[PDB]
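query.cif follows; it contains mmCIF, N, CA and C atoms and all ligand atoms.
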```cif
data_query
loop_
_atom_site.label_atom_id
_atom_site.label_comp_id
_atom_site.auth_asym_id
_atom_site.auth_seq_id
_atom_site.Cartn_x
_atom_site.Cartn_y
_atom_site.Cartn_z
N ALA A 1 -7.80 11.82 -2.49
CA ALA A 1 -7.02 12.04 -3.75
C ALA A 1 -7.33 10.99 -4.82
N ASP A 2 -6.59 11.04 -5.93
CA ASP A 2 -6.68 10.03 -6.99
C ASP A 2 -5.64 8.92 -6.83
N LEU A 3 -5.58 8.03 -7.81
CA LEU A 3 -4.76 6.83 -7.71
C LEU A 3 -3.25 7.07 -7.83
N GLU A 4 -2.83 7.82 -8.84
CA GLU A 4 -1.41 8.08 -9.06
C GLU A 4 -0.77 8.75 -7.85
N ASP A 5 -1.47 9.75 -7.31
CA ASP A 5 -0.99 10.48 -6.15
C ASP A 5 -0.89 9.54 -4.97
N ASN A 6 -1.87 8.66 -4.85
CA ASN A 6 -1.81 7.62 -3.84
C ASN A 6 -0.55 6.76 -3.97
N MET A 7 -0.25 6.32 -5.18
CA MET A 7 0.89 5.43 -5.39
C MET A 7 2.21 6.16 -5.17
N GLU A 8 2.25 7.44 -5.53
CA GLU A 8 3.36 8.30 -5.13
C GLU A 8 3.58 8.29 -3.61
N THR A 9 2.57 8.73 -2.86
CA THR A 9 2.60 8.66 -1.41
C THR A 9 3.17 7.32 -0.94
N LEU A 10 2.52 6.23 -1.34
CA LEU A 10 2.94 4.89 -0.95
C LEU A 10 4.42 4.69 -1.20
N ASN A 11 4.88 5.09 -2.38
CA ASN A 11 6.26 4.88 -2.78
C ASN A 11 7.23 5.73 -1.97
N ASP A 12 6.91 7.01 -1.84
CA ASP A 12 7.78 7.95 -1.14
C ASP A 12 7.97 7.48 0.30
N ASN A 13 6.86 7.17 0.96
CA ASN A 13 6.91 6.85 2.37
C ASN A 13 7.59 5.52 2.63
N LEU A 14 7.53 4.62 1.65
CA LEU A 14 8.28 3.38 1.75
C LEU A 14 9.79 3.63 1.74
N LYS A 15 10.20 4.67 1.01
CA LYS A 15 11.61 5.07 0.98
C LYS A 15 12.02 5.68 2.31
N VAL A 16 11.22 6.62 2.79
CA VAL A 16 11.35 7.16 4.14
C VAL A 16 11.62 6.09 5.19
N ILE A 17 10.80 5.04 5.19
CA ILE A 17 10.94 3.99 6.20
C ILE A 17 12.26 3.24 6.07
N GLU A 18 12.69 2.98 4.83
CA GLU A 18 14.03 2.44 4.59
C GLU A 18 15.06 3.32 5.29
N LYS A 19 14.77 4.62 5.35
CA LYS A 19 15.77 5.65 5.63
C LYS A 19 15.73 6.05 7.11
N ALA A 20 14.81 5.45 7.85
CA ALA A 20 14.29 6.10 9.05
C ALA A 20 15.28 5.99 10.21
N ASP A 21 15.33 7.04 11.04
CA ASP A 21 16.27 7.08 12.15
C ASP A 21 15.63 6.65 13.47
N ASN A 22 14.34 6.94 13.62
CA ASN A 22 13.64 6.66 14.86
C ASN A 22 12.21 6.15 14.59
N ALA A 23 11.50 5.77 15.65
CA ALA A 23 10.19 5.14 15.51
C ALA A 23 9.06 6.10 15.12
N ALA A 24 9.17 7.35 15.56
CA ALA A 24 8.17 8.35 15.21
C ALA A 24 8.12 8.58 13.69
N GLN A 25 9.30 8.69 13.08
CA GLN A 25 9.42 8.83 11.62
C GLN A 25 8.65 7.71 10.94
N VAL A 26 8.81 6.50 11.45
CA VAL A 26 8.28 5.30 10.81
C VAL A 26 6.77 5.24 11.01
N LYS A 27 6.35 5.41 12.26
CA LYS A 27 4.94 5.55 12.59
C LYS A 27 4.27 6.57 11.67
N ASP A 28 4.95 7.69 11.44
CA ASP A 28 4.39 8.74 10.62
C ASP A 28 4.16 8.24 9.20
N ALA A 29 5.23 7.76 8.57
CA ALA A 29 5.17 7.29 7.18
C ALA A 29 4.12 6.21 7.00
N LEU A 30 4.22 5.16 7.80
CA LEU A 30 3.21 4.11 7.83
C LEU A 30 1.78 4.66 7.93
N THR A 31 1.60 5.73 8.71
CA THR A 31 0.27 6.30 8.89
C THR A 31 -0.17 6.95 7.59
N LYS A 32 0.74 7.71 6.99
CA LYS A 32 0.51 8.28 5.67
C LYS A 32 0.13 7.20 4.64
N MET A 33 0.92 6.14 4.60
CA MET A 33 0.69 5.02 3.70
C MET A 33 -0.71 4.40 3.89
N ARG A 34 -1.06 4.12 5.14
CA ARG A 34 -2.39 3.59 5.47
C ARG A 34 -3.49 4.41 4.81
N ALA A 35 -3.41 5.73 4.98
CA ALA A 35 -4.40 6.63 4.42
C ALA A 35 -4.55 6.43 2.91
N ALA A 36 -3.42 6.44 2.21
CA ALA A 36 -3.41 6.26 0.76
C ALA A 36 -3.91 4.87 0.39
N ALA A 37 -3.42 3.85 1.07
CA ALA A 37 -3.89 2.50 0.83
C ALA A 37 -5.41 2.47 0.77
N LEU A 38 -6.05 3.13 1.73
CA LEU A 38 -7.49 3.06 1.86
C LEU A 38 -8.18 3.88 0.78
N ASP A 39 -7.60 5.05 0.48
CA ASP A 39 -8.14 5.90 -0.56
C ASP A 39 -8.10 5.11 -1.85
N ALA A 40 -6.95 4.51 -2.11
CA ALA A 40 -6.74 3.80 -3.36
C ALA A 40 -7.64 2.59 -3.43
N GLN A 41 -8.04 2.07 -2.28
CA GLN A 41 -8.87 0.87 -2.25
C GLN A 41 -10.19 1.07 -2.96
N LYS A 42 -10.60 2.33 -3.13
CA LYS A 42 -11.89 2.62 -3.76
C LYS A 42 -11.80 3.27 -5.14
N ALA A 43 -10.58 3.58 -5.57
CA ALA A 43 -10.34 3.94 -6.97
C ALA A 43 -10.49 2.75 -7.92
N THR A 44 -10.80 3.07 -9.18
CA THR A 44 -10.89 2.07 -10.24
C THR A 44 -9.71 2.23 -11.17
N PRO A 45 -8.79 1.26 -11.14
CA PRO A 45 -7.58 1.34 -11.94
C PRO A 45 -7.91 1.38 -13.42
N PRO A 46 -7.07 2.05 -14.22
CA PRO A 46 -7.24 2.08 -15.67
C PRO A 46 -7.56 0.70 -16.24
N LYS A 47 -6.70 -0.28 -15.99
CA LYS A 47 -6.81 -1.55 -16.71
C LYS A 47 -8.15 -2.24 -16.47
N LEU A 48 -8.83 -1.84 -15.40
CA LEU A 48 -10.06 -2.52 -14.98
C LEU A 48 -11.33 -1.69 -15.23
N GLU A 49 -11.17 -0.57 -15.93
CA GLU A 49 -12.21 0.46 -16.04
C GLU A 49 -13.47 -0.04 -16.74
N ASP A 50 -13.31 -1.02 -17.62
CA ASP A 50 -14.43 -1.58 -18.35
C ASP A 50 -15.10 -2.75 -17.63
N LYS A 51 -14.61 -3.11 -16.44
CA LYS A 51 -15.20 -4.21 -15.68
C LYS A 51 -16.11 -3.70 -14.57
N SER A 52 -17.19 -4.44 -14.33
CA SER A 52 -18.17 -4.03 -13.33
C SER A 52 -17.57 -4.20 -11.93
N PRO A 53 -17.98 -3.34 -10.99
CA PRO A 53 -17.43 -3.36 -9.63
C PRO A 53 -17.57 -4.75 -9.02
N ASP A 54 -18.46 -5.55 -9.61
CA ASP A 54 -18.77 -6.87 -9.11
C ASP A 54 -17.63 -7.85 -9.35
N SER A 55 -16.82 -7.58 -10.38
CA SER A 55 -16.11 -8.65 -11.07
C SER A 55 -15.02 -9.25 -10.19
N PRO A 56 -14.65 -10.51 -10.47
CA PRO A 56 -13.42 -11.10 -9.95
C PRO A 56 -12.30 -10.07 -9.88
N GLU A 57 -12.09 -9.35 -10.98
CA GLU A 57 -10.89 -8.54 -11.13
C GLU A 57 -10.93 -7.36 -10.18
N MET A 58 -12.08 -6.71 -10.11
CA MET A 58 -12.23 -5.53 -9.26
C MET A 58 -12.18 -5.90 -7.78
N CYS A 59 -12.79 -7.03 -7.43
CA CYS A 59 -12.72 -7.52 -6.06
C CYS A 59 -11.30 -7.84 -5.64
N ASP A 60 -10.59 -8.59 -6.49
CA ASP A 60 -9.17 -8.90 -6.30
C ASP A 60 -8.36 -7.62 -6.06
N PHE A 61 -8.51 -6.64 -6.95
CA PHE A 61 -7.90 -5.33 -6.75
C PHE A 61 -8.09 -4.80 -5.34
N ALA A 62 -9.34 -4.64 -4.94
CA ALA A 62 -9.66 -4.13 -3.61
C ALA A 62 -9.12 -5.03 -2.49
N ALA A 63 -9.06 -6.34 -2.73
CA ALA A 63 -8.51 -7.26 -1.75
C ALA A 63 -7.02 -7.02 -1.57
N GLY A 64 -6.34 -6.74 -2.67
CA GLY A 64 -4.97 -6.29 -2.61
C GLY A 64 -4.76 -5.35 -1.44
N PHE A 65 -5.50 -4.24 -1.44
CA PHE A 65 -5.26 -3.18 -0.47
C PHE A 65 -5.70 -3.60 0.92
N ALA A 66 -6.68 -4.49 1.00
CA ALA A 66 -7.04 -5.09 2.28
C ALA A 66 -5.84 -5.80 2.92
N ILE A 67 -5.19 -6.67 2.15
CA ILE A 67 -3.92 -7.25 2.57
C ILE A 67 -2.88 -6.17 2.89
N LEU A 68 -2.77 -5.17 2.03
CA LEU A 68 -1.71 -4.18 2.16
C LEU A 68 -1.84 -3.44 3.49
N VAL A 69 -3.05 -2.97 3.75
CA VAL A 69 -3.36 -2.31 5.01
C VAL A 69 -3.02 -3.21 6.21
N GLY A 70 -3.53 -4.44 6.21
CA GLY A 70 -3.26 -5.37 7.30
C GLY A 70 -1.79 -5.44 7.65
N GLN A 71 -0.94 -5.42 6.62
CA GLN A 71 0.50 -5.54 6.81
C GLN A 71 1.07 -4.25 7.38
N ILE A 72 0.64 -3.14 6.82
CA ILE A 72 0.90 -1.84 7.42
C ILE A 72 0.58 -1.82 8.91
N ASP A 73 -0.63 -2.25 9.26
CA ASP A 73 -1.03 -2.32 10.66
C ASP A 73 -0.07 -3.16 11.53
N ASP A 74 0.35 -4.31 11.03
CA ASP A 74 1.34 -5.14 11.73
C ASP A 74 2.64 -4.36 11.94
N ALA A 75 2.98 -3.53 10.96
CA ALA A 75 4.19 -2.74 11.04
C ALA A 75 3.99 -1.58 12.00
N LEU A 76 2.86 -0.89 11.85
CA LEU A 76 2.43 0.10 12.83
C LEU A 76 2.50 -0.43 14.26
N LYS A 77 1.93 -1.60 14.50
CA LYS A 77 1.98 -2.21 15.82
C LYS A 77 3.42 -2.34 16.31
N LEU A 78 4.33 -2.70 15.40
CA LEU A 78 5.73 -2.91 15.75
C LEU A 78 6.42 -1.59 16.08
N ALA A 79 6.14 -0.57 15.28
CA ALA A 79 6.76 0.73 15.47
C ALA A 79 6.22 1.35 16.74
N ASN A 80 5.03 0.93 17.14
CA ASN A 80 4.45 1.40 18.39
C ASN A 80 5.13 0.82 19.64
N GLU A 81 5.55 -0.44 19.55
CA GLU A 81 6.41 -1.04 20.58
C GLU A 81 7.87 -0.60 20.46
N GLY A 82 8.13 0.37 19.59
CA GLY A 82 9.44 1.00 19.52
C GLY A 82 10.48 0.20 18.76
N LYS A 83 10.06 -0.90 18.13
CA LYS A 83 10.98 -1.85 17.50
C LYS A 83 11.37 -1.45 16.07
N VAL A 84 12.05 -0.32 15.94
CA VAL A 84 12.33 0.25 14.63
C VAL A 84 12.77 -0.78 13.60
N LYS A 85 13.66 -1.69 14.00
CA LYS A 85 14.29 -2.59 13.05
C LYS A 85 13.29 -3.62 12.50
N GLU A 86 12.66 -4.36 13.39
CA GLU A 86 11.63 -5.31 12.99
C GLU A 86 10.54 -4.64 12.15
N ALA A 87 10.32 -3.35 12.38
CA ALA A 87 9.27 -2.60 11.70
C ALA A 87 9.67 -2.24 10.27
N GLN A 88 10.92 -1.85 10.08
CA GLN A 88 11.44 -1.72 8.73
C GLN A 88 11.44 -3.04 7.97
N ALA A 89 11.77 -4.12 8.67
CA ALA A 89 11.67 -5.46 8.11
C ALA A 89 10.27 -5.73 7.55
N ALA A 90 9.25 -5.32 8.29
CA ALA A 90 7.87 -5.57 7.90
C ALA A 90 7.47 -4.74 6.68
N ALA A 91 8.01 -3.52 6.58
CA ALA A 91 7.75 -2.67 5.44
C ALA A 91 8.36 -3.27 4.17
N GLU A 92 9.58 -3.76 4.28
CA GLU A 92 10.20 -4.48 3.18
C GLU A 92 9.26 -5.53 2.61
N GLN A 93 8.57 -6.25 3.49
CA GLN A 93 7.71 -7.34 3.07
C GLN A 93 6.50 -6.85 2.29
N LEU A 94 6.05 -5.64 2.60
CA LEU A 94 5.07 -4.95 1.77
C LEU A 94 5.36 -5.11 0.29
N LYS A 95 6.62 -4.94 -0.09
CA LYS A 95 7.00 -4.87 -1.49
C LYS A 95 6.40 -6.04 -2.26
N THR A 96 6.27 -7.18 -1.60
CA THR A 96 5.65 -8.34 -2.21
C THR A 96 4.23 -8.04 -2.70
N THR A 97 3.42 -7.45 -1.83
CA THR A 97 2.02 -7.16 -2.13
C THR A 97 1.88 -6.06 -3.19
N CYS A 98 2.82 -5.11 -3.19
CA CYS A 98 2.90 -4.13 -4.27
C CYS A 98 3.13 -4.81 -5.61
N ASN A 99 4.15 -5.64 -5.69
CA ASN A 99 4.50 -6.24 -6.96
C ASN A 99 3.38 -7.14 -7.45
N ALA A 100 2.87 -7.96 -6.55
CA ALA A 100 1.85 -8.92 -6.93
C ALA A 100 0.69 -8.25 -7.66
N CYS A 101 0.31 -7.06 -7.19
CA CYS A 101 -0.83 -6.36 -7.76
C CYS A 101 -0.42 -5.57 -9.00
N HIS A 102 0.77 -4.99 -8.94
CA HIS A 102 1.32 -4.32 -10.10
C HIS A 102 1.41 -5.28 -11.28
N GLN A 103 1.84 -6.51 -11.01
CA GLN A 103 1.86 -7.56 -12.03
C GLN A 103 0.52 -7.63 -12.74
N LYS A 104 -0.55 -7.83 -11.97
CA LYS A 104 -1.88 -8.04 -12.54
C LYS A 104 -2.49 -6.80 -13.21
N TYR A 105 -2.36 -5.63 -12.58
CA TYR A 105 -3.30 -4.54 -12.85
C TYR A 105 -2.68 -3.18 -13.19
N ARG A 106 -1.36 -3.06 -13.07
CA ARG A 106 -0.68 -1.83 -13.43
C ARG A 106 -0.27 -1.88 -14.89
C1 LIG A 201 3.27 -0.29 -0.76
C2 LIG A 201 3.44 -0.86 -1.96
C3 LIG A 201 3.20 -0.09 -3.28
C4 LIG A 201 4.01 0.83 -3.81
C5 LIG A 201 5.35 1.33 -3.23
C6 LIG A 201 3.42 1.29 -5.04
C7 LIG A 201 3.97 2.23 -5.89
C8 LIG A 201 3.55 2.48 -7.18
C9 LIG A 201 4.24 3.32 -8.13
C10 LIG A 201 5.59 4.03 -7.89
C11 LIG A 201 3.49 3.40 -9.24
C12 LIG A 201 3.89 4.12 -10.54
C13 LIG A 201 2.66 4.64 -11.29
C14 LIG A 201 2.64 6.14 -11.22
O1 LIG A 201 3.13 6.70 -10.22
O2 LIG A 201 2.12 6.78 -12.17
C15 LIG A 201 2.30 2.59 -9.02
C16 LIG A 201 1.28 2.41 -9.92
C17 LIG A 201 0.19 1.57 -9.78
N1 LIG A 201 -0.08 0.74 -8.70
FE1 LIG A 201 1.06 0.70 -6.94
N2 LIG A 201 2.22 0.63 -5.22
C18 LIG A 201 2.08 -0.27 -4.19
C19 LIG A 201 1.02 -1.12 -4.03
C20 LIG A 201 0.00 -1.33 -4.94
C21 LIG A 201 -1.10 -2.25 -4.77
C22 LIG A 201 -1.33 -3.15 -3.54
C23 LIG A 201 -1.88 -2.18 -5.85
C24 LIG A 201 -3.15 -3.01 -6.10
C25 LIG A 201 -3.86 -3.48 -5.07
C26 LIG A 201 -1.30 -1.20 -6.76
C27 LIG A 201 -1.81 -0.86 -7.99
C28 LIG A 201 -1.26 0.03 -8.88
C29 LIG A 201 -1.82 0.39 -10.17
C30 LIG A 201 -3.15 -0.09 -10.79
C31 LIG A 201 -0.88 1.45 -10.75
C32 LIG A 201 -1.03 2.19 -12.09
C33 LIG A 201 -1.62 3.58 -11.86
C34 LIG A 201 -1.89 4.25 -13.19
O3 LIG A 201 -2.02 3.54 -14.22
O4 LIG A 201 -1.98 5.50 -13.22
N3 LIG A 201 -0.16 -0.70 -6.16
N4 LIG A 201 2.35 2.07 -7.74
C1 LIG A 202 -15.61 -7.19 -4.60
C2 LIG A 202 -17.08 -6.95 -4.42
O1 LIG A 202 -17.91 -7.86 -4.36
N1 LIG A 202 -17.38 -5.66 -4.26
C3 LIG A 202 -18.67 -5.20 -3.99
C4 LIG A 202 -19.80 -5.91 -4.40
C5 LIG A 202 -21.07 -5.41 -4.13
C6 LIG A 202 -22.20 -6.11 -4.54
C7 LIG A 202 -23.45 -5.57 -4.27
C8 LIG A 202 -23.55 -4.36 -3.58
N2 LIG A 202 -22.45 -3.69 -3.22
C9 LIG A 202 -21.23 -4.18 -3.48
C10 LIG A 202 -20.10 -3.48 -3.06
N3 LIG A 202 -20.25 -2.31 -2.40
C11 LIG A 202 -19.17 -1.61 -2.00
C12 LIG A 202 -17.88 -2.07 -2.26
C13 LIG A 202 -17.70 -3.29 -2.90
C14 LIG A 202 -18.82 -4.00 -3.31
#
```
Re-express the file's structure as structure tokens.
Amino acid sequence: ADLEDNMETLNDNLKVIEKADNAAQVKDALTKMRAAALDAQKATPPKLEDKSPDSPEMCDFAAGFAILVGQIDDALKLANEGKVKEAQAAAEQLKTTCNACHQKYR
């Protein structure tokens, strides 16, 4: 998909996880998020469209999602051990990485 749809997915599923009743729900959402994270990792954001893929800015962008995925995976790992609560805790922490990048590039 494209970037906006990716960020929708990311946002919706983050709400789901806040809302989640069991571990399968959370595993599911996190899995959806992972997919979008990775898709988005190769999109070129509007604000950066005039910069070469080489640039500090574009690399930083892509690094964002590298961090984002890693954190998702830590949460995935937690939801896999059935630890719904600690896993929602980890999703909350995502919000940091969202904002940090939104600050720079949204
Ligand atoms: C899981 C955490 C994240 C959530 C919940 C999230 C959600 C959102 C939302 C709701 C929007 C509104 C824009 C729209 O829908 O049209 C948006 C836009 C945007 N986000 Fe994220 N995002 C997250 C992480 C990130 C990260 C890590 C980056 C950079 C690495 C990023 C970069 C952007 C950019 C560039 C836009 C603007 C898109 C446009 O101009 O069309 N986001 N995001
Ligand atoms: C941040 C950065 O250095 N990106 C890249 C830098 C690259 C520099 C030379 C050749 N390929 C790349 C490249 N290819 C795929 C994805 C990213 C890159």
Open item on the list: Using only C-alpha atoms and all ligand atoms for the distances, tell me which of A:32, A:15, A:95, A:27 is nearest to ligand LIG 201 (chain A).
Closed with: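 So, comparing all the options, the nearest one is A:95.
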- [ ] Taking only C-alpha atoms and all ligand atoms into account, report as a PyMOL selection string which residues have an atom no farther than 12 Å from an atom of ligand LIG 202 (chain A).
- [x] chain A and resi 41-44+51-66
Task: Expected answer as JSON, numbers by chain: residues within 6.5 Å of ligand LIG 201 (chain A), only N, CA and C atoms and all ligand atoms - done: {"A": [3, 4, 5, 7, 8, 10, 11, 12, 14, 45, 46, 47, 60, 61, 62, 63, 64, 65, 68, 94, 95, 97, 98, 99, 101, 102, 105, 106]}
TODO: Skip residue A:33 itself and residues of its chain fewer than 4 positions away, then list as JSON, numbers by chain all residues within 7 Å of it, counting only N, CA and C atoms.
DONE: {"A": [9, 10, 13, 28, 29, 37, 38]}
Open item on the list: Need to verify the contact set: residue A:91, 8 Å, all atoms listed in the file, exclusion of same-chain residues closer than 3 positions in sequence. Can you return it as a PyMOL selection string?
Closed with: chain A and resi 14+17-18+71-72+74-76+85-88+94-96
Task: Å distance separating atom N of residue A:20 from atom CA of residue A:36, one decimal place - done: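 A separation of 19.6 Å between them.
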Task: Separation of atom CA of residue A:103 from atom CA of residue A:19, in Å and rounded to one decimal - done: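 So the answer is 26.1 Å.
We find atom N of residue A:22 and atom N of residue A:34 to be spaced 17.8 Å apart.
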TODO: Select from chain A everything DSSP, run on the backbone, classes as helix (DSSP H, G or I), then give the selection as a PyMOL selection string.
DONE: chain A and resi 3-18+23-40+46-48+56-80+84-105
TODO: Could you tell me which of A:35, A:40, A:16, A:79 comes closest to residue A:2 if we count all atoms listed in the file?
DONE: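 Among the listed residues, A:40 lies closest to residue A:2.
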TODO: Might you pull out every residue within 8 Å of residue A:84, with only N, CA and C atoms counted and same-chain residues fewer than 6 positions away left off, and present them as a ChimeraX atom specification?
DONE: /A:20-24,26,78,90
